[PDB]
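The entry's author numbering applies: residue 3 is where the sequence shown begins, and numbers increase by one.
Backbone N, C-alpha and C define an ideal beta-carbon position, used for all residues, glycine too.
This report concerns only the one structure given below.
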Amino acid sequence: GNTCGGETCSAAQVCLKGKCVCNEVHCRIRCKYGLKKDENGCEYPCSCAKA
């Protein structure tokens with residue numbers, strides 16, 4: 003099928019206007035250093051950052 007601007011979006015991303023972008027973030031956990039980011043910057047699945 004089509005890629006997204008030539009790329010495959012990860013599970014954390016959505017293809018909007020032909021680019022992979024992080025989907026909206028909804029995490030219930032409350033974390034001392036905020037949420038963990040993947041290598042694209044997305045916060046999915048929800049986990050606390052190491053710091």
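- Under the 10 Å beta carbon count, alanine 14 is surrounded by 16 or more other beta carbons and is classified as buried.
- Under the DSSP definition of a beta bridge, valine 16 partners with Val23.
- Rounded to the nearest angstrom, the Cβ distance from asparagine 4 to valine 16 is 14 Å, too far for a contact under 8 Å.
- Using a Cβ distance threshold of 9 Å, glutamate 41 and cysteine 22 do not count as a contacting pair.
- In the DSSP assignment, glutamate 41 is bridged to no other residue.
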